[PDB]
Amino acid sequence: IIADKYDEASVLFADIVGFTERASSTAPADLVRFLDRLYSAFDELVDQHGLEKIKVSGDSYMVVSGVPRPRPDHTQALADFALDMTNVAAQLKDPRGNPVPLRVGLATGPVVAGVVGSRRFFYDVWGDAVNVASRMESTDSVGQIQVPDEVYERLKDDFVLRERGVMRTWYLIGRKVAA
Amino acid sequence: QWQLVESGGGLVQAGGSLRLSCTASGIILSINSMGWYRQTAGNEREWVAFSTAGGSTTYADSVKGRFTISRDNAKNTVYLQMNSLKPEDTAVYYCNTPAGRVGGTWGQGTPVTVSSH
Ligand SMILES: CNc1ccccc1C(=O)O[C@H]1[C@@H](O)[C@H](n2cnc3c(=O)[nH]c(N)nc32)O[C@@H]1COP(=O)(O)OP(=O)(O)OP(=O)(O)O
Ligand SMILES: [Mn+2]
Ligand SMILES: [Mn+2]
Ligand SMILES: [Mn+2]
């Protein structure tokens, strides 16, 4: 009922590639153990970075930066988290020794946030940056972090990005070693 | 080879101070996150301090205000200054990247003991 508007925020959506095929090929107990280990790592990483996980929807995972506490480096902070996230997914092997490939989408812009007290994920975030971020994950290529121009312009001096081959998007490659 | 060797541990009495170092070789510190963890035994390694590549720091509630994590990119090393040490802080301390933590690749760590000797 109570909605709060944030002018600046950055939103991440992460989604497992091929999880239907994984879930159909894995015993239910081992699938639960795999997902719990992956999400326990993700949850730890979120609090380590001081961010907030807003929604976990099956094999989807939504993280916000700048809400409820605004920070001037909200886009840069989410980018460092996203790179840690994909590296965690790359190093975390199932009992078969295969990584769990992700699609990750990042966006920045205004959001609205509110408390829905009767829910588990009782703090909801919606709005422009959430809608763009979901688009970025939706159309992402396997294993990449896809971002729009507005994110690119905020990361380009500290991070390496490559333009994806009307809307132009970019792949977040990693942190610059030196400027 | 990719390794992380901790050092700086030892014996201190309550209220004392220690400075732990974590030297990294095989990775470039400036593009990686680094965290410090402790294993008492009543649990597995819990994280107490975390430093991102942009310089953000966060700490566990139990140690915040008393511990400070910091970086030295030239030496490719991360530090944990420990102040106002308590018996509850006695543990083996390790450093690790997020990838090393989920990968289970740990160094041998450094012992920190808080008592009277
Ligand atoms: C064996 N697993 C299940 C058992 C019972 C109920 C659901 C599932 C299950 O696997 O749910 C997941 C799919 O099978 C479930 N699902 C798949 N097909 C169907 C389907 O035909 N009906 C229903 N109800 N659910 C389905 O959606 C979920 C994954 O959606 P994504 O969009 O993330 O797809 P993805 O496989 O990750 O591919 P991508 O991300 O790489 O694009
Ligand atoms: Mn998926
Ligand atoms: Mn869980
Ligand atoms: Mn999904």
# chains A, B, ... in the order shown; residues from 1 in each chain; ligands from 1
call {"tool": "interface_residues", "arguments": {"of": "chain A", "to": "chain B", "cutoff": "8 Å", "atoms": "only C-alpha atoms", "output": "ChimeraX atom specification"}}
result
/A:41,45,48-50,76-77,80,84,87-88,91-92,174-177
call {"tool": "residues_near_ligand", "arguments": {"ligand": "ligand 3", "cutoff": "8 Å", "atoms": "only C-alpha atoms and all ligand atoms", "output": "PyMOL selection string"}}
result
chain A and resi 36-37+39-40
call {"tool": "write_last_selection", "arguments": {"atoms": "N, CA and C atoms", "output": "compact mmCIF listing (two decimals), in the first residue's frame"}}
result
# COMPACT_ATOMS: atom_id res chain seq x y z
N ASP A 36 20.25 -25.17 -3.57
CA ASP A 36 20.51 -24.59 -2.26
C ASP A 36 21.94 -24.10 -2.14
N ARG A 37 22.90 -24.89 -2.63
CA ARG A 37 24.29 -24.48 -2.58
C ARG A 37 24.53 -23.25 -3.46
N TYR A 39 22.28 -20.95 -4.38
CA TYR A 39 21.59 -19.78 -3.84
C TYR A 39 22.16 -19.36 -2.49
N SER A 40 22.67 -20.30 -1.70
CA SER A 40 23.36 -19.93 -0.47
C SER A 40 24.61 -19.11 -0.77
call {"tool": "atom_distance", "arguments": {"atom1": "CA of residue 36 (chain B)", "atom2": "CA of residue 89 (chain B)"}}
result
12.8 Å
call {"tool": "closest_atom_pairs", "arguments": {"of": "chain A", "to": "ligand 1", "cutoff": "7 Å", "atoms": "only C-alpha atoms and all ligand atoms", "output": "Markdown table"}}
result
| residue | atom | partner | partner_atom_place_in_ligand_line | distance |
| --- | --- | --- | --- | --- |
| A:15 | CA | ligand 1 | 40 (O) | 6.1 |
| A:16 | CA | ligand 1 | 37 (O) | 5.2 |
| A:17 | CA | ligand 1 | 41 (O) | 3.7 |
| A:18 | CA | ligand 1 | 41 (O) | 4.1 |
| A:19 | CA | ligand 1 | 37 (O) | 4.2 |
| A:20 | CA | ligand 1 | 36 (O) | 3.7 |
| A:21 | CA | ligand 1 | 36 (O) | 6.2 |
| A:23 | CA | ligand 1 | 1 (C) | 4.8 |
| A:24 | CA | ligand 1 | 1 (C) | 4.4 |
| A:59 | CA | ligand 1 | 33 (O) | 6.2 |
call {"tool": "write_last_selection", "arguments": {"atoms": "C-alpha atoms", "output": "tab-separated table (two decimals), in the first residue's frame"}}
result
chain	number	residue	atom	x	y	z
A	15	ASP	CA	18.50	-16.66	-14.74
A	16	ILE	CA	19.92	-20.18	-15.16
A	17	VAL	CA	20.46	-21.39	-18.73
A	18	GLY	CA	18.83	-24.71	-19.49
A	19	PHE	CA	17.35	-25.36	-16.01
A	20	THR	CA	14.37	-27.32	-17.43
A	21	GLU	CA	16.80	-29.77	-19.02
A	23	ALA	CA	15.84	-30.31	-13.62
A	24	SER	CA	14.56	-33.09	-15.89
A	59	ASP	CA	15.77	-20.21	-11.09
call {"tool": "select_by_dssp", "arguments": {"residues": "chain B", "states": "helix (DSSP H, G or I)", "output": "list in words"}}
result
residues 29, 30, 31, 87, 88, 89, 98, 99, 100, 101, 102 and 103 of chain B
